[PDB]
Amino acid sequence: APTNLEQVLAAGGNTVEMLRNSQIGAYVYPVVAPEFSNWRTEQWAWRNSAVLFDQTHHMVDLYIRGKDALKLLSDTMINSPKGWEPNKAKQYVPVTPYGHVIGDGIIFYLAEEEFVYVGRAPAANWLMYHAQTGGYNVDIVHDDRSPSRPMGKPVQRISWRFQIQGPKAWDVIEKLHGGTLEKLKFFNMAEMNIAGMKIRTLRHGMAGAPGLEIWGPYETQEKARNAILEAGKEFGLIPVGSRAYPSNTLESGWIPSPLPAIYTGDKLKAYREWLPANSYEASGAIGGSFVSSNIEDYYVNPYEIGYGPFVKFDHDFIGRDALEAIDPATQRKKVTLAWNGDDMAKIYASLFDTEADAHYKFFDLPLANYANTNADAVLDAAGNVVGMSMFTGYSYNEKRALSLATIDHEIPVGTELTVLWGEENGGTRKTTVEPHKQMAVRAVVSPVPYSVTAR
């Protein structure tokens, strides 16, 4: 009977309890093969040789064209639009009127009055809502991320999107291009040759080495992929599968999964009435040890997850007054948490204990998340909640379990905190959750992007 999020929340009891017991299952990185060689070798390659990341299937694409396209973005993003011209991309971050992050994605300025958003569903839903109800002269084509379990059905996208990354990426790129290719400034766009095609590029990189994101019409996907794999054999390039792929951000430092902060607030009711009952926001899940009966305690603002530097008070935008009221110097800060290896061994050991009444929450490798929004409590030595751990897994490059978190600003790097791993009372009813007991895992605060930190 409910057709939108507002009706779902009115009929669903406590919002936190609903989301933490959602039956949606795992957040899937679809279609791309889970592994091409093995996930350890694939992780190793992006730090030691080169990789092809296949990004064609796990993000929503919004193609935004028209006289008011730039205005729509400017009105909804914290980012400065000043001096923005085609062939520059930005990390689009929208906040609510209350100053809280809705989501984020990459916005490509392709040409005059022509943009494309690439990212998770929440910020795309927000753009579509405003395009439709705000009176913008703009046309939008929504190309959803691919189905999670296609089960043999054909899958189409409008565009393929790859990245070539690793210390030997630029060697592969120039071999493909047929000569030297200029390294532009980060997120500037140009073009390159691949197998006789003119392929648009986005300057990118990771682990201190320059790389590229590239895209094109879906029809040429195989032609480009096969050229890249062939040219890259000389440099050890290998394709990365969907099992290893999302663990890259544990090393790179981007938190993909802030809760869209749209469940409360009178100024967000119209948006809740617009969001379908089967939307990401209505049907998804929250997993982890952090418990509050107030869904607002799961929200973050942009300063808390590393987007402070993007905020520019040089244009009108939704939530500007709220962000202006925030003191940046006292906001929580994004960090990497390096999980204690002895504690990790104890988590896994419990799976092989035939006599214990319970084991610790299964920690999948290399990505351990079990909802699309992750919220584990971070505790200090007294047991106070001092932060939220929001993305969790393991790096074969570091031989460490790692998580990305936001913690009280005064906590120094090197401090040993605890992450509460697992859920209370045997676990919520999410279909990703087997029965388990919790563990207070020791974790050392470390920089983002991750760098090995002395305790």
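Just count from 1 along the sequence shown to find any residue number.
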Going by the B-factors listed in the PDB entry, is the mean over the C-alpha atoms higher for 385 to 393 or for 410 to 418?
410 to 418
Look over 442 to 450 and 17 to 25 in the entry and identify the one with the greater average Cα temperature factor.
442 to 450
Out of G135, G216, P276, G287, whose C-alpha atom has the biggest B factor in the entry?
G135
Go through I255, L110, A322, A244 one by one and give the residue whose Cα B-factor in the PDB entry is largest.
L110
Which third of the chain does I262 land in by C-alpha B-factor: lowest, middle or highest?
lowest
Ranked against its chain, the third holding the CA B-factor of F317
middle
In terms of its chain's C-alpha B-factors, the third that includes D364 is the lowest
Entry-reported Cα temperature factor of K399, expressed as the chain third it lands in
middle
Chain thirds by Cα B factor, record data; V51 belongs to the lowest
